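Scroll down for the structure; my scribbles are underneath it.
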There are 2 protein chains.
Amino acid sequence: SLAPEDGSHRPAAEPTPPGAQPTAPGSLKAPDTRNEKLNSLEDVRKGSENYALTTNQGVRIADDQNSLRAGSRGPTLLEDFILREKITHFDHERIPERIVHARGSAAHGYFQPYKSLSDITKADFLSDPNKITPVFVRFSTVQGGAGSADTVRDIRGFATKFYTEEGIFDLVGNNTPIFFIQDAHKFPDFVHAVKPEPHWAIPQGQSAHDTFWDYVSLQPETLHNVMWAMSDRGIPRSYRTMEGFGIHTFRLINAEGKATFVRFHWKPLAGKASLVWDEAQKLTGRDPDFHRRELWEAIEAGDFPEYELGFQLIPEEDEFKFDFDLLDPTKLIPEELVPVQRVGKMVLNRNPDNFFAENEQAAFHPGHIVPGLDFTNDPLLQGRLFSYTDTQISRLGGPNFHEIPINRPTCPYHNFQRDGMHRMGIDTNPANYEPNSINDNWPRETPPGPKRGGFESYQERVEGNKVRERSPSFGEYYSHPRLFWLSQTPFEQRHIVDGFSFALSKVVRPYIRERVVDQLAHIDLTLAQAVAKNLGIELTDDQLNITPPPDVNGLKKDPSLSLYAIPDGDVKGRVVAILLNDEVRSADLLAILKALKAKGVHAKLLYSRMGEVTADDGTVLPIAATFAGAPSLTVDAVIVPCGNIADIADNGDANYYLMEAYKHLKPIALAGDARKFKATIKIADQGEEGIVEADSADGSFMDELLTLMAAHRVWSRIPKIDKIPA
Amino acid sequence: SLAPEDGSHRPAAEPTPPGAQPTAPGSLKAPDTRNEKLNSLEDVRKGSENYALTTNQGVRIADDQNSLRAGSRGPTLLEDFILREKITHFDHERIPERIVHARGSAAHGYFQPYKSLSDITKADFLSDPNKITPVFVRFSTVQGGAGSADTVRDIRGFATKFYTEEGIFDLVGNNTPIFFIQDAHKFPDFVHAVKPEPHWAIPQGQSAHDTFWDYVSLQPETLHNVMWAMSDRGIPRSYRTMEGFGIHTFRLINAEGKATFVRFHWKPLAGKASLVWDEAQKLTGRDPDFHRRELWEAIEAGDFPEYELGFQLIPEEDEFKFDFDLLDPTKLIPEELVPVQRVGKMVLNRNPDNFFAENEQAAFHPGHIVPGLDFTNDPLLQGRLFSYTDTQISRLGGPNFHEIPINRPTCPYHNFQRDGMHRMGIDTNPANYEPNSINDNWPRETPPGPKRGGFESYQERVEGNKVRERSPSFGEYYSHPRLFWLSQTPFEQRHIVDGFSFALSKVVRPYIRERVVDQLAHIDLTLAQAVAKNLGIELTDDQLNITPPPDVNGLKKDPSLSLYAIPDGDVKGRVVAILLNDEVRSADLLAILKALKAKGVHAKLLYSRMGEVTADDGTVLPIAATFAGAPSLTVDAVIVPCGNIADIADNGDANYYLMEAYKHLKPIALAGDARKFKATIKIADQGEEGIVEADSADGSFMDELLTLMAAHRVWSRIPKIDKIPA
Ligand code: HEM
Ligand code: HEM
């Protein structure tokens with residue numbers, strides 16, 4: 001018996017805020033959170049308490065501290081089958097990581113539609129608002145390995161496995177509404193260009209290197225998604241605060257056989273929010289698991305990630321009514337032209353028990369559709385359909401990957417397929433082929449119909465010759481980048497210029513930088529000049545005269561493309577650092593902590609060492625972390641209560657904590673003598689927007705801080721942050 | 001043609017300093033650097049210039065930009081064999097990463113002994129000072145994945161494959177002279193404890209989490225290597241500036257059959273040097289590939305990593321003469337007791353061509369020894385001999401891993417083994433067994449002998465019963481941690497205290513922190529009290545009264561255990577930042593670059609944007625990076641020449657660059673009006689040791705800066721840095 005007597009080794013099985021308890025497997029932290037897929041995994045969950053340690057053959061082990069040897073200082077014997085089983089299993093623990101999106105974080109949840117969509121699709125999981133479909137969701141980056149950092153600049157994946165009563169449907173999307181390339185045949189070229197370069201395998205988790213920009217300069221179809229990556233969309237605050245998109249146009253098919261074109265969306269109910277680049281880059285160093293942590297701790301707190309599924313629907317007769325091709329995955333459909341119709345809500349409310357078994361082995365593939373859905377001829381989607389089935393045969397060891405527990409359907413599955421490595425199902429059918437008479441032809445085909453029918457593809461007309469040719473309708477590359485640029489606020493446009501400037505500064509061959517600036521001059525002259533100025537490049541008179549591309553169907557902006565132009569901030573689940581001193585004003589801290597608790601905002605109490613400090617009135621305050629241990633990077637705002645400020649006033653760490661928060665545009669609130677820190681961040685006597693200051697933390701002090709938190713960051717401070725060395 | 005007409009896409013095939021040219025495959029950068037192993041890989045090197053693009057079956061491809069479809073907006077066709085081969089290969093690119101040491105960086109080189117060692121060993125590679133043995137060396141971290149960061153706190157691996165004329169010898173070592181655990185049976189327990197925790201797979205590249213410290217608190221044998229890991233040994237400046245050790249006692253066997261015990265050492269001829277923790281942790285964010293890049297760029301510059309192989313030799317009759325067991329890999333042999341005898345030199349002088357083919361697929365294993373070497377009963381070494389053979393079967397896809405080009409011997413190999421996945425060798429032997437008459441028994445066994453003989457194990461006497469028992473002589477856990485602590489300088493001791501304090505502050509369960517401070521009180525009460533203070537923990541009276549462990553064979557300290565107590569600096573290959581302004585004083589820059597060039601020290605010219613600036617005499621200075629883009633973390637020292645200092649005097653990023661370099665103890669040199677920056681870092685007029693200043697950058701200014709650089713860091717500044725908010 002090695003646990004403490006007080007039981008402090010074990011986290012409470014109740015919702016608790018980040019940092020309050022050690023994290024734990026989902027079925028131990030939240031045993032009463034259930035859904036049909038979580039219940040169906042019970043057959044393979046293994047406990048541990050009160051059981052003997054055994055070999056994998058069930059033989060109890062007496063001494064798991066030593067190898068068998070001839071004498072206590074002698075050679076190890078080959079007959080030690082307990083050592084060789086344990087080391088054999090260790091030696092073969094790893095499987096290949098995913099070729100792309102190897103870094104990702106996943107959770108269980110459930111989906112429900114708001115109303116029946118039976119008029120536009122026969123998909124069973126969208127047929128009834130009282131029908132709940134379990135989900136498993138993995139969010140990811142694209143380029144880095146499974147051990148790379150979370151808050152890199154990159155596109156993010158957003159993959160949802162829906163365990164429906166008519167089959168698994170995987171909606172395998174990203175956090176931007178287009179992809180970099182048009183035809184799947186180029187996907188190995190693009191991904192080899194963005195990945196670490198092959199001689200030396202550098203850089204990890206970064207597209208800021210010469211081969212990426214060489215490919216982008218030579219393939220202008222990439223510029224639209226490059227604009228989104230260089231914007232603050234490339235550095236989300238959390239997986240909870242990004243959008244999701246299926247990117248391709250797919251089809252919905254109803255029971256009458258009508259096809260409707262659809263593009264899929266996820267709206268984050270916590271709103272849209274991103275970091276700023278210096279904060280994201282530094283956070284890759286101080287906490288490379290920040291998004292994985294934030295997701296797992298939000299679910300442990302009850303701050304469940306919620307998203308609304310929405311559809312952009314285009315009738316079949318409107319296929320050719322836009323300036324861009326619906327089948328081109330480098331084009332978005334502006335919401336000003338085709339609004340997103342709300343379809344249902346997904347809540348992620350339980351973490352896995354074992355990351356390897358459930359996250360690392362999950363397999364999502366966009367060819368996993370159900371009756372009521374179908375594909376289109378988008379040539380990127382069409383090649384994806386080949387790739388996901390193929391890659392799973394080597395990543396997951398053979399063709400029985402659907403029998404790995406996380407991947408199993410919850411609905412029935414029966415067919416004539418047999419054998420393969422690690423075959424689990426033992427088929428009793430006398431027949432392994434059809435047609436058969438010896439089992440009266442079971443399992444049998446099922447015709448298509450309104451519900452519970454077999455899958456049949458929509459009978460789209462195909463006409464043309466066998467060609468390796470890009471459609472001419474796809475040959476336009478600059479209008480959607482320009483629409484995106486013009487839809488951004490002025491501070492978002494500055495952050496884009498800064499993204500391209502920093503990236504191209506890391507390209508060693510200067511001609512590649514000059515070729516990219518030339519492509520920017522085809523999108524918007526203001527953007528091109530601002531990036532050229534940061535690179536020491538002067539645009540030629542020819543570049544200054546390139547005519548801008550046309551508007552997209554008459555639009556010169558669409559605010560739904562901006563993260564911030566239309567406020568959608570939500571503070572629940574955010575976190576505030578509170579900088580303690582050795583004699584805190586207990587009344588300020590009561591007022592601060594209860595205001596945050598009332599709005600579901602978490603707090604972390606920080607000091608210059610661990611342990612406790614005692615307040616003016618004797619209240620013992622427990623310290624969560626030190627100023628260096630939990631830097632401002634990890635929080636959304638900073639509060640300094642009054643008390644003995646001279647304890648921390650000359651602490652370089654405390655001062656730099658405020659300077660870094662200030663540089664990264666975070667709200668800061670200073671009570672009482674904590675206003676002496678105004679000198680550190682150069683605030684005027686009369687104050688400035690974004691810094692909350694009062695004689696105490698009472699009256700309106702907390703409401704003002706919370707108002708700033710709802711607007712996420714203090715964008716008006718951007719011109720002021722340069723006169724700070726931080 | 002897509003290359004620029006000026007040829008600036010291609011790096012010069014000559015030695016160039018870091019950043020002067022794009023990096024490149026080794027055989028293109030240094031085509032005239034050869035050794036027998038490098039030449040033997042020519043059968044599988046494949047070029048590219050002037051060749052047609054083909055499928056893997058040799059069919060020329062006409063259009064690599066499109067899939068075959070029925071009409072240019074039609075569905076992709078199954079008969080597109082060119083798309084499916086290209087995407088099948090991409091879908092199967094990944095193989096499992098190594099179970100430990102997944103993150104690593106490698107190079108080719110050569111070794112030769114200084115004199116014949118035939119009186120102590122019959123190993124052929126140590127027999128002749130003029131017979132050179134090619135090597136391939138991989139350096140690595142332990143815990144993180146292949147995509148994790150380089151400058152984490154961790155142990156580093158140092159594995160060397162010697163391609164000898166009597167077989168491959170792999171010396172598979174680490175950068176500290178002991179390991180964490182005593183018996184291989186516990187390796188999966190230890191590694192699971194240090195690795196990301198199984199529920200959520202956090203944290204990457206960090207031992208600062210509950211399960212690692214839970215295991216250490218319950219297994220005091222771990223304490224010795226934990227002291228090394230918490231010291232600055234855990235954060236090397238470069239793989240060129242750390243020690244190597246084989247850890248175990250092995251045997252040397254001479255031609256007369258005499259056995260000598262040996263421990264292996266690598267001494268870095270560039271000297272020992274480490275980062276400081278705040279710098280290391282920030283560098284994991286700003287350049288997670290810093291060590292991989294530094295190694296590659298040192299070899300491209302001709303700053304070839306050099307190491308001296310050394311042996312500690314103990315006669316067989318002295319096995320039991322120390323206070324510790326020679327077969328216990330948690331104990332080191334102090335050099336004051338047994339000196340390291342210099343044996344030979346290894347030079348790494350060429351990078352690979354393809355990182356996956358040569359580094360990712362390399363297989364090192366400490367059971368690959370040759371005649372003239374043998375094992376001992378160290379119970380950690382004994383279990384290693386099973387594991388490397390076993391893990392390579394799944395990582396590298398089967399039992400023919402020795403036929404992957406990097407792993408092949410350069411000497412003959414013939415036997416009766418056949419088949420296995422991806423078998424390359426086509427055996428013509430009519431026999432596949434021996435004894436045979438049908439091929440007159442060839443290939444034939446070879447008796448042991450002085451040279452070119454068969455391998456025979458030393459006939460060690462074995463006497464004991466078959467037991468799973470730890471030798472009582474291994475049950476001492478505190479004397480070697482204490483020897484290490486007492487041998488560090490006072491600043492190195494402060495960094496150890498900080499390393500334990502920072503790590504244990506990240507352990508959520510407070511009782512684990514308490515148990516580890518109790519273990520520290522058994523090593524040294526000053527260490528224990530200093531850690532306990534930073535944790536808010538008070539030592540009990542019983543803890544204050546624990547008797548310190550005995551000296552190790554009379555030693556109070558051994559200065560070979562410190563990185564810094566004995567000066568051993570070498571500045572060649574280090575790097576200075578030079579902060580430019582828009583009217584640099586060309587006379588200062590002349591003097592600076594001349595003095596750096598004379599000592600082999602490289603420079604990086606930095607400014608507030610990219611492009612060029614022009615000096616006072618019209619010299620056009622290309623800018624390597626911005627002040628933000630290449631932070632002070634990446635350099636060894638900073639020089640600010642005179643000129644138009646007003647251009648940069650108020651630049652926040654230039655001021656922060658000096659604040660960070662100052663906090664991280666780096667030398668700073670300020671010429672002329674750059675002395676105005678003394679105010680940012682609070683240097684008195686009279687100056688400060690570690691800041692070089694003068695009216696101009698003459699010979700005397702450069703000699704003072706170079707002297708500071710030879711001492712690596714300005715330790716005397718440590719009391720002054722706590723106040724700087726950086
Ligand atoms: C619209 C463009 C695409 C989007 C939105 C997309 C999205 C994703 C996502 C989110 C994942 C990770 C799923 C998980 O979390 O496990 C993934 C993995 C993958 N993607 Fe795609 N992808 C795109 C295009 C492509 C293309 C064109 C190909 C190849 C022709 C491709 C091949 C793969 C492969 C091989 C994997 C790893 C799958 C696994 O190992 O299970 N992707 N992609
Ligand atoms: C003295 C203690 C040890 C040292 C110095 C050591 C050093 C290393 C080094 C440097 C590597 C990486 C080689 C490379 O660059 O590819 C490595 C890999 C590995 N080690 Fe050890 N190790 C030790 C103990 C152990 C133990 C006790 C076991 C298991 C019984 C073990 C199992 C492995 C395995 C399975 C690999 C991966 C090998 C591969 O995939 O090719 N190590 N170790």
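Going through the structure tokens in order, the chains are called A, B, and so on, while each chain numbers its residues from 1 and the ligands are numbered from 1 in the order shown.
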
Quick one: which chain B residues come within 6 Å of ligand 2, and what is the nearest atom pair for each with the distance in Å to one decimal, counting only C-alpha atoms and all ligand atoms, rows ordered by chain and ascending number, as CSV?
```
residue,atom,partner,partner_atom_place_in_ligand_line,distance
B:98,CA,ligand 2,40 (O),4.0
B:99,CA,ligand 2,37 (C),5.3
B:100,CA,ligand 2,36 (C),5.3
B:101,CA,ligand 2,12 (C),4.9
B:138,CA,ligand 2,15 (O),4.7
B:139,CA,ligand 2,15 (O),5.9
B:157,CA,ligand 2,10 (C),3.6
B:158,CA,ligand 2,10 (C),4.9
B:159,CA,ligand 2,10 (C),4.8
B:172,CA,ligand 2,10 (C),4.9
B:173,CA,ligand 2,5 (C),3.9
B:174,CA,ligand 2,5 (C),4.6
B:179,CA,ligand 2,1 (C),5.3
B:184,CA,ligand 2,27 (C),4.3
B:187,CA,ligand 2,27 (C),5.3
B:246,CA,ligand 2,5 (C),5.9
B:247,CA,ligand 2,1 (C),5.2
B:363,CA,ligand 2,41 (O),4.6
B:364,CA,ligand 2,13 (C),5.3
B:380,CA,ligand 2,27 (C),5.0
B:383,CA,ligand 2,30 (C),4.7
B:384,CA,ligand 2,30 (C),4.0
B:387,CA,ligand 2,29 (C),5.2
B:388,CA,ligand 2,35 (C),5.2
B:391,CA,ligand 2,35 (C),5.5
B:392,CA,ligand 2,41 (O),5.5
```

Per-residue DSSP, stretch 78-125 of chain A, filtered to strand (DSSP E), as a ChimeraX atom specification: /A:104-113

Just write the chosen residues, N, CA, C and O atoms, as a PDB file, in the first residue's frame.
```pdb
ATOM      1  N   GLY A 104      -2.834  15.312 -32.765  1.00  0.00           N
ATOM      2  CA  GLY A 104      -4.312  15.585 -32.595  1.00  0.00           C
ATOM      3  C   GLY A 104      -4.774  15.080 -31.240  1.00  0.00           C
ATOM      4  O   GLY A 104      -4.182  14.303 -30.510  1.00  0.00           O
ATOM      5  N   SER A 105      -5.943  15.688 -30.889  1.00  0.00           N
ATOM      6  CA  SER A 105      -6.522  15.539 -29.551  1.00  0.00           C
ATOM      7  C   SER A 105      -7.986  15.261 -29.735  1.00  0.00           C
ATOM      8  O   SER A 105      -8.622  15.918 -30.595  1.00  0.00           O
ATOM      9  N   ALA A 106      -8.531  14.343 -28.925  1.00  0.00           N
ATOM     10  CA  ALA A 106      -9.889  13.779 -29.288  1.00  0.00           C
ATOM     11  C   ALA A 106     -10.743  13.646 -28.057  1.00  0.00           C
ATOM     12  O   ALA A 106     -10.284  13.536 -26.919  1.00  0.00           O
ATOM     13  N   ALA A 107     -12.047  13.688 -28.296  1.00  0.00           N
ATOM     14  CA  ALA A 107     -13.025  13.475 -27.230  1.00  0.00           C
ATOM     15  C   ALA A 107     -14.317  12.871 -27.766  1.00  0.00           C
ATOM     16  O   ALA A 107     -14.637  12.935 -28.936  1.00  0.00           O
ATOM     17  N   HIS A 108     -15.054  12.258 -26.841  1.00  0.00           N
ATOM     18  CA  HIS A 108     -16.418  11.663 -27.090  1.00  0.00           C
ATOM     19  C   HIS A 108     -17.469  12.721 -26.864  1.00  0.00           C
ATOM     20  O   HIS A 108     -17.332  13.598 -26.025  1.00  0.00           O
ATOM     21  N   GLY A 109     -18.574  12.533 -27.552  1.00  0.00           N
ATOM     22  CA  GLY A 109     -19.742  13.419 -27.339  1.00  0.00           C
ATOM     23  C   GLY A 109     -20.919  12.900 -28.038  1.00  0.00           C
ATOM     24  O   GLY A 109     -21.039  11.705 -28.356  1.00  0.00           O
ATOM     25  N   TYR A 110     -21.865  13.839 -28.275  1.00  0.00           N
ATOM     26  CA  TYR A 110     -23.114  13.434 -28.978  1.00  0.00           C
ATOM     27  C   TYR A 110     -23.679  14.570 -29.832  1.00  0.00           C
ATOM     28  O   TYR A 110     -23.354  15.716 -29.613  1.00  0.00           O
ATOM     29  N   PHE A 111     -24.473  14.155 -30.835  1.00  0.00           N
ATOM     30  CA  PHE A 111     -25.072  15.097 -31.780  1.00  0.00           C
ATOM     31  C   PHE A 111     -26.582  14.864 -31.799  1.00  0.00           C
ATOM     32  O   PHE A 111     -27.031  13.731 -31.699  1.00  0.00           O
ATOM     33  N   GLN A 112     -27.299  15.964 -32.011  1.00  0.00           N
ATOM     34  CA  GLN A 112     -28.750  15.855 -32.227  1.00  0.00           C
ATOM     35  C   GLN A 112     -29.158  16.912 -33.244  1.00  0.00           C
ATOM     36  O   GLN A 112     -28.756  18.047 -33.053  1.00  0.00           O
ATOM     37  N   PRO A 113     -30.060  16.617 -34.160  1.00  0.00           N
ATOM     38  CA  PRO A 113     -30.519  17.684 -35.070  1.00  0.00           C
ATOM     39  C   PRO A 113     -31.694  18.440 -34.388  1.00  0.00           C
ATOM     40  O   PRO A 113     -32.370  17.964 -33.512  1.00  0.00           O
TER      41      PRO A 113
END
```

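Closest approach to chain A among B:133, B:143, B:39, B:249: B:143, based on only C-alpha atoms.
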
Distance criterion (only C-alpha atoms and all ligand atoms): nearest to ligand 1 out of B:9, B:46, B:265, B:89: B:89

Closest pair table for chain B residues within 8 Å of ligand 1, only C-alpha atoms and all ligand atoms, as a tab-separated table:
```
residue	atom	partner	partner_atom_place_in_ligand_line	distance
B:87	CA	ligand 1	30 (C)	6.3
B:90	CA	ligand 1	35 (C)	7.5
B:91	CA	ligand 1	35 (C)	5.0
```
